[PDB]
Amino acid sequence: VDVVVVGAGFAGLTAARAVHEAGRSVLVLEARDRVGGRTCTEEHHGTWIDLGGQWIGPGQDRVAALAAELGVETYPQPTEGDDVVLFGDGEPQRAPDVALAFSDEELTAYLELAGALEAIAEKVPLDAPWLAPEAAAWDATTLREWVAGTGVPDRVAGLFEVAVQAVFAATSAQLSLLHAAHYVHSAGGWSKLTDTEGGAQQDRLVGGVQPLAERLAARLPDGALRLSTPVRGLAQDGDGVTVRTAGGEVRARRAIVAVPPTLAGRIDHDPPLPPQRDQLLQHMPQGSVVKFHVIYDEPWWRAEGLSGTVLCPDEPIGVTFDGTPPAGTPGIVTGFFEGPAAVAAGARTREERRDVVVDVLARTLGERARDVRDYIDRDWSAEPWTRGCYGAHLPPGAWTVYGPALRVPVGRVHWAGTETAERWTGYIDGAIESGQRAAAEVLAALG
Amino acid sequence: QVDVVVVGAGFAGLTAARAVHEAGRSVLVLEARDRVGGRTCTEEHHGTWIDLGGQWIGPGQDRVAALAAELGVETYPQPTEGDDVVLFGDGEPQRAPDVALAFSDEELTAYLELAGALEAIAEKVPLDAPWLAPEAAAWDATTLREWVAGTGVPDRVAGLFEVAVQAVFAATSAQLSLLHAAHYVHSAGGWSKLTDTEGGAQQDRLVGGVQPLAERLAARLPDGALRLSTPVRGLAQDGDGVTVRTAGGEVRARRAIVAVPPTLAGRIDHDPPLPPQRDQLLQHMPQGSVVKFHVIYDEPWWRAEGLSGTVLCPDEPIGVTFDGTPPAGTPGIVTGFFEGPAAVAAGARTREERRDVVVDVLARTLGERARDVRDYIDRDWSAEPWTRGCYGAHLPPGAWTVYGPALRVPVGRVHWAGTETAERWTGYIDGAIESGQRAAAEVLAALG
Ligand SMILES: *Cc1cc2c(cc1C)nc1c(=O)[nH]c(=O)nc-1n2C[C@H](O)[C@H](O)[C@H](O)COP(=O)(O)OP(=O)(O)OC[C@H]1O[C@@H](n2cnc3c(N)ncnc32)[C@H](O)[C@@H]1O
Ligand SMILES: *Cc1cc2c(cc1C)nc1c(=O)[nH]c(=O)nc-1n2C[C@H](O)[C@H](O)[C@H](O)COP(=O)(O)OP(=O)(O)OC[C@H]1O[C@@H](n2cnc3c(N)ncnc32)[C@H](O)[C@@H]1O
Ligand SMILES: [Mg+2]
């Protein structure tokens, strides 16, 4: 074949397609028995359950183009109802929006802390974070260190910490300031990452995200997609690339590897990857998230005038969301254990995580939250073919020293994945970008 | 079929393989390279021994010290005598009988109070469970770099400290959680233990070099125990034991000890897949970045000039140098390293280019005689596919308190060794030895 793509996520599949329609031969070798990767949809209780990525919002041009091209309808994330905020061994507070549980002072400082991180972000080149003028200072500094500088009160530092852990699936301490700043630039600012209406959590897909990936996969000729076919090894010479699977061997001119960084370095590369790139991947840890859907017979919180959104900065769950489909049943409360609370939850059983979620909801939405019909969750850290969501972060010292290896081809081996995107890195939209860019590269470099 | 399969023929893998055989259980050691030693590696050049890998032992290192004397490898002192050369930025190189004496009264105070103030953090950091320090949460949330900045020392002081940090950790004070650095320091017995060249980790060398001593540990295994050029690709456990997949078939065991660097450990195909906290721990244990060099001269000409052969350069690509001349007294060798970002830059250049860079430093520090070079030999340990960086792993902020607890936890019938798992002299040969003895006991107790 002309091109072998490793991975049938949105990055893999988008690269495989652009290569196919250009007039070139391609195989996609995928480890799982399905497509979609970090997107994954299961039917439960008469509706779709997005165990992985579910949300699209404005500014995400490429996924909105894909959904529309392939005949997939969207519905809004519900917005109406009183939100509940809970601090410490305090009582729960009902407001028409989270924001209105904080003082005048507290809100000011919050929006000024966001406005401040955006200032840094705007100066970070999306294609080359290492080339910001303040790159030295910013890559030696954690986000936590920077927040502590702002001299913001504990309750505004707590609120900002819930938003950090909900966006990166890692604490402010794990991230370089330069990584955080690049990610905010990439998304078009803090409100773009955090908001529902006008934000990344604005819209969902009717029937869920995994079907959109399947529709993209059906644009490939029969025999192009190989499922349950993990790539163990990747060899290359001046003539082409030999892909060793278990029970088979594939031979192409060039390769696109579209897996999560930590899985990319697990492949037996021959010759061995250059050291800057091998060490970049040792410095690109995946985040830590357990995503859950609490299932009730009905969205009983709405009848109390409640949105179903709780925000508890001291609880092991950060933010919740009404995940009820457009038909109005079953009622769903969707949420996440993020960073350290996700690692602790992952070490426990399904039933122990259910009891923690239901306890928090009972003390916020109401005691009726213990009357659960079903609980459905996924630890993406446990998934051998992801090993953490939503994607990689870089700790201090990674971006300026190993980061330049991010996108550079090694010979005939090219790189895709949301982690290689300029815009909405970390999101489906970013995956799509990476696919388009990796394919353009291989068409150019081939003929 | 055997009782135990050890992955890695380094000092941790062999030390464990030894204590398993000595207990009367069958063992097979599987090693990806055509040799033993691992991060220790010695070659014959110019009629002497060239340690590309680990080389030094010193006081407190009671394991390696006793393994040496047992298998009969004699030691020789690292030379201490002659002026050291210190050099900051744009300034004039300073000769002093020791590095310290090139600093003001005021500077050396600030430096010593800096090391004291770190050692007092180190003292409350449990060697067995760093995550159980009273203030573990706060210390894990801080870099080494952030904490130094908070002590408020002068720059020369912070840069001299930085030189030392990178000579120990092979990574910047920004890459390291303070908690990780404090544990590393407690594990050694202090900053003097780590940085001194006498009463410290750089006091003594091994006659014939280090790979040999691991060859003498290998030779005390049964015939057929060791398969070199046998990399482990896959490890499958069920109720009755583990199945170790290589390229050339399978090897059934009751229990496995994996004794490879933590980054190499994670790349193995585990079945079932490893528990999340463990897999993600490995994701958070990156190896350091180090290129180690030896500059061959016909004679140690520098002893003529009343010079040690040690240069200390905070602002050059070359960190710390050491007189590497064998006791025979020829050839002259200047031993040194590129550390951290300097290792990664140098790593992407050729051997010839890295040679020019070191000679250019040496000539402006030791003198013009440094150009009359016989030969240059170096090794990029980041570039080795069965190491992927020396000296060992570091942990960034948040790693130790959240993922740390999985570090020694056995996973069904698979157990963990390597210097990264030692409580004492973690990151050294002596800590590999400890991890081997420890891993062995666990597996013997669990067999019977
Ligand atoms: C996990 C997650 C992600 C997510 C999120 C919530 C969770 C819990 N919410 C999101 C959302 O609402 N909106 C959004 O846009 N993104 C959200 N994220 C992240 C998003 O899902 C991802 O950024 C996107 O899916 C990334 O796609 P990409 O194509 O870059 O990566 P992938 O999905 O991991 O695909 C990799 C494929 O590679 C296969 N694999 C792995 N190793 C191998 C080998 N050795 N051989 C062959 N195939 C391999 C995987 O199985 C996978 O299919
Ligand atoms: C690299 C280095 C190390 C070193 C140092 C300078 C350099 C450049 N200076 C030191 C010094 O003066 N004194 C000292 O005590 N240590 C020094 N360091 C550190 C030292 O070398 C290490 O702490 C020590 O070597 C630790 O080794 P350990 O026994 O824990 O294991 P290893 O040496 O890394 O070897 C592991 C072996 O496993 C093999 N391997 C890897 N993957 C596989 C697979 N998949 N299958 C089979 N075998 C595998 C490796 O090839 C290696 O042999
Ligand atoms: Mg709302």
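Every read-out reported here was derived from the displayed coordinates using simple, explicitly stated rules and does not represent laboratory data. Positions of Cβ are generated from backbone atoms using ideal geometry, with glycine treated the same way; all protein chains shown enter the neighbour counts.
For residue A:123, list the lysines whose Cα falls under 21 Å from its own Cα; do not include residues on the same chain fewer than 8 positions away. Here the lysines satisfying the reach criterion relative to residue A:123 are A:192. Footprinting exposure proxy ranking of A:288, B:382, B:289, A:25, fewest other C-beta atoms within 10 angstrom first, gives A:25, B:382, B:289, A:288. Rounded to the nearest 5, the antiparallel percentage of DSSP beta bridges internal to the protein assembly as shown is 70%. Of the residues A:263, B:179, the one with the fewest other Cβ atoms within 10 Å heads the list, and the complete ranking is A:263, B:179. Each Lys and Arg adds +1 at its Cβ and each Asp and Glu adds -1 at its Cβ; summed about the Cα centre, the protein assembly as shown shows a dipole of about 3140 debye. Expressed in Å, the radius of gyration and Dmax of the Cα atoms of segment B:352-426 are 20.1, 61. Once the Cβ-Cβ distance of residue A:79 and residue B:137 is raised to the sixth power relative to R0 = 56 Å, the FRET efficiency obtained is 0.95. To check you understand DSSP bridge types, tell me what percent of the beta bridges within chain A (both residues inside) are antiparallel, rounded to 5. DSSP beta bridges in chain A are roughly 70 percent antiparallel. Straight-distance candidates among the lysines for linking to residue B:292, with alpha-carbon spacing under 27 Å and chain neighbours fewer than 8 residues away dropped: B:193.
Placing pseudo-labels 7 Å out from each Cα toward the beta carbon at residue B:298 and residue B:22 gives an inter-label distance of 4.9 nm.
Between the residues B:386, B:64, A:167, the greatest Cα displacement towards the positive end of the dipole of the protein assembly as shown, with unit charges on the Cβ of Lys, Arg, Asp and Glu, is found for B:386. When the Cα positions of A:153, A:337, A:309 are compared along the charge dipole of chain A, A:337 comes out farthest toward the positive end, with charges on each C-beta of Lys, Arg, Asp and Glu. Semi-axes of the equivalent ellipsoid for segment A:1-119, computed as √(5λ) from the eigenvalues of its C-alpha gyration tensor and ordered from largest down, come to 42, 20, 15 Å.
Considering only the Cα atoms of segment A:101-194, their convex hull presents on average a projected area of 5.6 nm². May I ask for the distance between the Cα centers of segment B:197-222 and segment B:377-392, given as a whole number of Å? For segment B:197-222 versus segment B:377-392, the Cα centre distance is 19 Å. Here is the list for segment A:185-269: GluC sites (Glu not before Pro) lying in DSSP coil, each with at most 16 other C-beta atoms within 10 angstrom of its C-beta, are A:197. Only helices enter the 222 nm calculation for chain A: every DSSP H run of n ≥ 4 contributes -39,500 (n - 2.57), and dividing by all residues gives -9500 deg cm²/dmol, rounded to 500. Calculated FRET efficiency, residue A:154 to residue A:374, Cβ-Cβ distance, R0 = 25 Å: about 0.10 to the nearest 0.05. Using the Karplus relation 6.51 cos²θ - 1.76 cosθ + 1.60 with θ = phi - 60°, the per-residue 3J(HN,Hα) values for segment B:69-83 come to 3, 3, 7, x, 9, 7, 10, 9, x, 4, x, 10, 8, x, 5 Hz, with x marking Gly and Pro. Mean per-residue shielding of peptide A:266-276 is 4, counting Cβ atoms of other chains within 10 Å of each Cβ.
Quick check: Cα centre of segment B:1-41 to Cα centre of segment A:293-368, how many Å? So the two Cα centres are separated by 49 Å. Taking a ≥ b ≥ c as the square roots of the eigenvalues of the Cα gyration tensor, segment A:50-93 is prolate, since a/c reaches 1.5 or more and a/b is larger than b/c. Over chain A, the alpha carbon radius of gyration divided by the compact-protein estimate 2.2 N^0.38 Å works out to 0.98.
Loop-located GluC sites (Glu not before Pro) in segment B:162-237 (DSSP state other than H, G, I, E, B) with a sparse environment of at most 14 neighbouring Cβ atoms within 10 Å: B:198.
Here the dipole of segment B:100-195 is about 240 debye; that uses its Cα centre as origin and unit charges on the Cβ of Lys and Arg (positive) and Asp and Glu (negative).
Counting only alpha carbon atoms, the long axis of helix B:351-363 and the longest principal axis of chain B meet at about 40°. The amide H of residue B:29, built 1.01 Å from its N in the peptide plane, has B:6, B:226, B:227 as neighbours under 5 Å, considering only residues 5 or more places off or on other chains. Taking square-rooted eigenvalues a ≥ b ≥ c of the alpha carbon gyration tensor, is segment B:18-69 rounded, prolate or oblate, where a/c under 1.5 means rounded and, failing that, a/b exceeding b/c means prolate? Judged from the Cα gyration tensor, segment B:18-69 comes out oblate (a/c at least 1.5, b/c at or above a/b). The value of relative contact order for segment A:9-66, using C-alpha pairs under 8 Å at least six residues apart, is 23 percent. For segment A:213-356, the fraction of C-alpha pairs farther apart than 24 angstrom is 59 percent. Once the gyration tensor of the Cα atoms in the protein assembly as shown is diagonalised, the equivalent ellipsoid follows with semi-axes of 48, 31, 27 Å, ordered largest first.
For segment A:95-178, the list of GluC sites (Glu not before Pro) that fall in a loop by DSSP and count at most 15 other C-beta atoms within 10 angstrom reads A:134.
Legend: ranking of residues B:193, A:123 from fewest to most surrounding C-beta atoms inside 10 Å; resulting order A:123, B:193. FRET efficiency for residue A:61 and residue A:206, Cβ-Cβ distance as r, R0 = 22 Å, nearest 0.05? With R0 = 22 Å, the Cβ-Cβ based efficiency is 0.60. Any idea what the dipole of chain B comes to, in debye rounded to 20, about its Cα centre with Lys/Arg Cβ at +1 and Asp/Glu Cβ at -1? Value, rounded to 20: 1920 debye.
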